[PDB]
Structures are given as C-alpha cells and as structure tokens.
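Below you'll find only one chain, the form deposited in one PDB entry, shown as structure tokens.
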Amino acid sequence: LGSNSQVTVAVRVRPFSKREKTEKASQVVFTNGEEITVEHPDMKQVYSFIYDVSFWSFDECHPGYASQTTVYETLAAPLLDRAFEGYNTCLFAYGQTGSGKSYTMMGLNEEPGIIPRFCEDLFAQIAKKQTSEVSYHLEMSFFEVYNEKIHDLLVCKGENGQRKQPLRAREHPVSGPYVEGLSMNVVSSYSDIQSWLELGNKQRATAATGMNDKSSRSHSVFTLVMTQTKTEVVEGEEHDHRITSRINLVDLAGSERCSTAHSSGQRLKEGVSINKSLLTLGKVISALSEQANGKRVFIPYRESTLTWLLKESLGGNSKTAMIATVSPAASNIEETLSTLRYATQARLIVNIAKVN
C-alpha cells in the first residue's frame, strides 16, 4: 500500500496489408518519435497524440524499426522485473480487425511474441538465482472468452460431436474475481510451456473472414503464476515467506463491422459479443480516466466477463500496460482514432499495486 502507478501505453503500426495493396491506399499514420500524427485523407485537419512508446513496424528500411524484440524488451522486461519484485502484472492489447495484435503478444513460429519471450526470459532469470535460499514454483492456465463464456484452452479432449466445456466466474471476497475449474498446470521448463502454448493456440477459436484468413473469434488471457519461497532471519522454520506474482497477457478480438466483412450465422454472433465486450471495456477506461480527475464515478465491470475477471488488472493491485495497434491505410481513420482516443484515456489511469 502507498503505491501510485500508471497504466502504461504502447502503440504499434503494422505494414500495408493485402487488401490495402489491392486498393492503393495512401499513408495517413506517421511517427515522429513517441508522438504519432494522423491526418485525414481530405486534408481536413491533423490530430496528434502523445504516448509512452511507439513502434513503427511499417517497413524494414526505416530507422528505429520496432521489431518484436524491441517491443518485448521495452514492455515485458520492465513488467518482468515488477513481477519478480512481488507484483501482479497485466499486458492487454486493443485494435482493429487485422491490426496486428496476435502478431505481437504471441506471434508466429519464426517471429515469436511477448509470451514465448516472457516465459523464456523468466525461466532464465530463475536459472541465475535459484539458490537453496530462495526457491521458485510456476503454474499456468490459458483461457478464452467466446460468446460470453469462458473456455480452458489447455485441455486435451477426446473425439466428440459435443465437446466444449464452459466454466464459471466467481467472486472471492478478498482475492476478487476468478474462474472455477481453471486447470493451473505446473511448468518447470520451457519445453513444457511451449507444449502447453501450442496445445492452446490450436484450440483457440478462429475462422476466415474478409479482413483476416485466420481471425480471432475470441479473447485470450494467459495466466502464468509464479510463487517464490524465501527465508528471513528466524531461528525457527525458514523458507518461510512467499511472494506471488500472477501474469495476465491479454489479446482481444477486433471490432468487426458487418459491411467491411459480411458474415452470417455463428460468424455474426461472435462479432456482436466481441463488440459488446469491447464497448464495456471502453467505458471502464473512460470512467477510470475520470477517476484521475477526482470525479465520483462508478466503473462498470459486471456487464462483461472480460471487464469482470480483469477488475483488479485495471484498477486494483497489478501493474498494467496497454498496446494499441493501428494500420497506415487511409481507410481505417475512425477505428484508428477511436483506438488512439481510448489509449489516451488509458494513459491517465492510476493503479495502487500491492507488494506481495
């Protein structure tokens, strides 16, 4: 208690896509450092936004190319030092459909994201100071929000026509919200967590739509728990005091307008739910921004499961970071601007982090 933090802000720009090269769209997003400027195609006006870090992955030729490992060592490594210091940690993305979110946190086989780097770097960090004075313990789960329902992705299943088992949320009067039945499996080596991860991502819900051939029909939260047992000077029982750190790495879905990417059936329902969830999230950020202005505000958490489980990961007791993602095409002006506005709001959120 007594801490006073800020919900940090990173902002990536992806390259031109296939559709964006089919239809020759021009450049509207520009980077000049940590300040990012977007102006309309019709030369109406110019908006510029201040942020904590920016990442211009547009072209490999530029100076200051912000590849995967730069994003990592700028966001996760600080968060990892905080997690080893005795804090809980959260890193959550936000953006448009196809804006480059799952490329960042998790990533592709030949260019991993923050998850396969965070887990490996903390394994190494443990390998340098796993004394017999201080011992370490690791477990994890990796769960999914799909159509208002929680799913566990690290679950081997048999062959069925009906096999997808939804879990429940509950509220512990001290610990806060949590999930009932979330298999937290022990992970003592990098091969183990890699096998878990590839068991998970292969279970995450996806489908082909207009803006992505492999789109995300769900939100994904990666729950990696680390306890560390330490000794202080007492002549009785030692290895006596525990310090815990829960890591929550969050990749969300898109906005999914039904005109830019027409859908019918299940592909339409998911979209609705996704959008609904995101809307509530916006309110939270806005409302919490108002809490920085000293105004009496009520934060809606309970309208969705995402904003309910991550209650403590926005206010509460954890150090949290946002990653906005945008596109350089002159089409995605309104979605880009809504993104950057929500990031400007999230910049202003404070959080009272607990030392464990």
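A residue's number is simply how far along the shown sequence it sits, counting from 1. Here the rigid core means the biggest group of C-alpha atoms that line up within 1.5 Å when the two forms are laid on top of each other.
One more form of this protein exists, namely the form deposited in another entry; it is left out here, but the text below deals with it.
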| property | result |
| --- | --- |
| Threshold 2 Å Cα movement between the shown form and the other one at residue 196, rigid core reference | yes |
| Rigid-core frame, C-alpha of residue 281, shift of 2 angstroms or more between the shown form and the other one | yes |
| Displaced residue check between the shown form and the other one: residue 153, CA, 2 Å or over, core reference | yes |
| Closer or farther: C-alpha pair residue 342/residue 313 in that other deposited form, relative to this form, given a change of 3 Å or more | farther |
| Closer or farther: C-alpha pair residue 338/residue 256 in that other deposited form, relative to this form, given a change of 3 Å or more | closer |
